[PDB]
Amino acid sequence: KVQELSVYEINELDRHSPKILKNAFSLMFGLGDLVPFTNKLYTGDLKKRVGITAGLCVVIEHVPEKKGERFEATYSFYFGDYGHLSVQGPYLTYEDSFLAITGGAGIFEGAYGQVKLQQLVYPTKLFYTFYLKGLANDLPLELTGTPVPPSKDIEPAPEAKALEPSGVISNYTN
Amino acid sequence: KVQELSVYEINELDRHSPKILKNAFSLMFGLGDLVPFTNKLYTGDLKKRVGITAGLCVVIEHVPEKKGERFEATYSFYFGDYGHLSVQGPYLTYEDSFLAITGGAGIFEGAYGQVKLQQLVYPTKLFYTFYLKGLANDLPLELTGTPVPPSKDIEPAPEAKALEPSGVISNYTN
Amino acid sequence: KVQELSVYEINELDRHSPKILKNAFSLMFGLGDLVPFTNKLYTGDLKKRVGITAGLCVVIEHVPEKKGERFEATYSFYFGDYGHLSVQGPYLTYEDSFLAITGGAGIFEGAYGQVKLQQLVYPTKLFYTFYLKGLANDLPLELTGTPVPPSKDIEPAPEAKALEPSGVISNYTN
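Protein chains in written order, with our numbering: chain A, 1 to 174; chain B, 175 to 348; chain C, 349 to 522.
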């Protein structure tokens, strides 16, 4: 059975990310550049903060015909006390992509499948669709609220940005 | 059911790859050294260019008794519109190894298993064999032709290096 | 079914590890800092040397309240001829956590599940409890001896520190 889970990842310019480690001999990103990162994570209904993403983007090549970059990513999605999701695959700054679910822990132990990566605003808003298989349980009501249709002007609920209890999960990751 | 898939990885020196981020205080490779890389990927029968490899090699330690290096490599294999497989494991410059497949996306969504890595020319020609498990369907007939005899002399079909229609899969990754 | 497999990762400091790539804005650890690493691995009963751990620790943030760091880790455990296991998990130097099992090779082909990481002595002794699913068979007996309850004063048996035959598996990884 497939449980579709969607979140919103936003860089609110407060976690020192992304951090650029420059090695390519070019004013544009190129192989050599490494970009560690860590942004916040809010539920798909934008009412709650669940955790953060954490990981590493490796630059593969700038794509000028597409006015964009090519990173190879391996990173996690943290959902507080519930557990986390890990992924591996392509992140194209210019289009939408699909990454592999390499596994999970917690309520996400044994997770597999693919996850959709939709950009919205570069480099601050991305929407994801986890076509999640492998879990032993139905997901938490607080993580499955009807998603908010993605667009450039989406904003987490004021309470979630404000970290008020109603807008967060227990031990939300920060 | 286990499906077997074999491709050839070739460094044709046109992707600026690999990049050596030398950090170990030796002329030899050692821990601290990181190598982002991306080579070309061709079908096992070498008839069609399907895509590239892309990711990172982490130097673990040089191996004196073997005239070689032990890397811990995390990267993916991109097959154009078909999708991709992610992987994690040991790359030994002096011997063949098996790297674990961590997941896939597209026709490889749900993939799991292991892959053998054979180095034909260090480090410009490589030959793998995935033992793919988990695929919902049978592999595209165009991906599973008899391969070419592993050797330091292998070369892609002319139509494939030339990127002619009959030498490439649709939207082969680049 | 789950096949619990515990192991000890002893850092005896003879592998130039942890190498520290210090790039963060801050003096203490922070995003940007990278720590490639490799330690020794022993069986749960500390009677045998099986091989090594190899991979990368990416710093996500310093956690001052906890006088410790948050890392996002992607590494592999090597068990000689039995193969290896790979992972993606949060490493928090100040508290136990769980890692996703991204896969395995050799006898570990098909591996999935989660692993509990318990640090016993920072940064030297660590203890893992892998709730290991998917394997084809029961694990070989050499790897399933009764594990030693964790403690900050544990040390591997003598036979193994010395790499004597009765203390190592065949072709243990180094």
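A virtual CB, placed ideally from N, CA and C, is assigned to each residue, including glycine.
Annotation: the continuous beta strand (DSSP E) that includes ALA73/A extends over 68-78. Residues of the region 3-23 of chain A with a C-beta atom less than 9 angstroms from some C-beta of chain C are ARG15, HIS16, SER17, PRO18, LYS19, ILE20 and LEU21, listed in chain order. Chain C has a Cβ within less than 7 angstroms of the Cβ of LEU56/A.
Between the region 503-517 of chain C and the region 388-404 of chain C there are three or more C-beta pairs closer than 8 angstroms, enough to call the two in contact. For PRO90/A, the enclosing beta strand (DSSP E) begins and ends at 83-92.
By the neighbour-count criterion, in which 16 or more other beta carbons inside 10 Å mark a residue as buried, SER514/C falls on the exposed side.
With fewer than three CB-CB distances shorter than 8 angstroms, the region 19-35 of chain A does not count as touching the region 121-141 of chain A.
Here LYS500/C is exposed. Its C-beta has fewer than 16 other C-beta atoms within 10 Å. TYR172/A sits away from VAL2/A, with the two beta carbons spaced by 7 angstroms or more. Contact annotation for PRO90/A against chain B: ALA228, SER250, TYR252, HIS258, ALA279 and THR347 [CB-CB distance below 9 angstroms, chain order]. Taking one beta carbon from each stretch, the region 424-433 of chain C and the region 256-270 of chain B have 3 or more pairs nearer than 8 angstroms; the two touch. With fewer than 16 other CB atoms across the displayed protein chains lying within 10 angstroms of its CB, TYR470/C is exposed.
With a cut-off of 8 angstroms on Cβ pairs, the region 460-467 of chain C is in contact with the region 98-115 of chain A, counting three or more such pairs.
Around the beta carbon of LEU361/C, fewer than 16 other beta carbons lie within 10 angstroms, which makes this residue exposed. Membership of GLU183/B in the beta strand (DSSP E) is indicated by the continuous run 181-184. Counting along the chain, the unbroken alpha helix (DSSP H) around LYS509/C starts and ends at 506-509. If you draw a 10 Å sphere on the C-beta of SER191/B, you find 16 or more other C-beta atoms in it, and that means buried. Leaving aside the five residues that flank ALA24/A on each side, the residues in its chain whose CB is nearer than 8 angstroms to its CB run, in chain order, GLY30, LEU31, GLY32, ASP33 and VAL59.
With a threshold of 7 angstroms between beta carbons, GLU420/C makes contact with chain A. With fewer than 16 other CB atoms across the displayed protein chains lying within 10 angstroms of its CB, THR494/C is exposed. Residue environment analysis places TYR268/B among the exposed positions, since fewer than 16 neighbouring C-beta atoms fall within 10 angstroms of its C-beta.
Counting other Cβ atoms within 10 Å of its Cβ, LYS240/B stays below 16 and is therefore classed as exposed.
Annotation: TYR442/C has no Cβ neighbours in chain A at a cutoff of 7 angstroms; minimum Cβ distance is about 14 angstroms. Restricting attention to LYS367/C, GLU352/C, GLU417/C and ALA508/C, the CA atom closest to the CA of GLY403/C is found in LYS367/C. Counting only Cβ-Cβ distances below 7 angstroms, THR450/C has contacts in chain A at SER86, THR102 and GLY103, in chain order. Taking a C-beta distance under 7 angstroms as the contact criterion, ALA453/C and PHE211/B do not qualify as a contact pair. Straight-line measurement puts the Cα of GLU178/B at about 19 angstroms from the Cα of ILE226/B.
Take the alpha-carbon of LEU139/A and the one of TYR82/A: they are about 10 angstroms apart.
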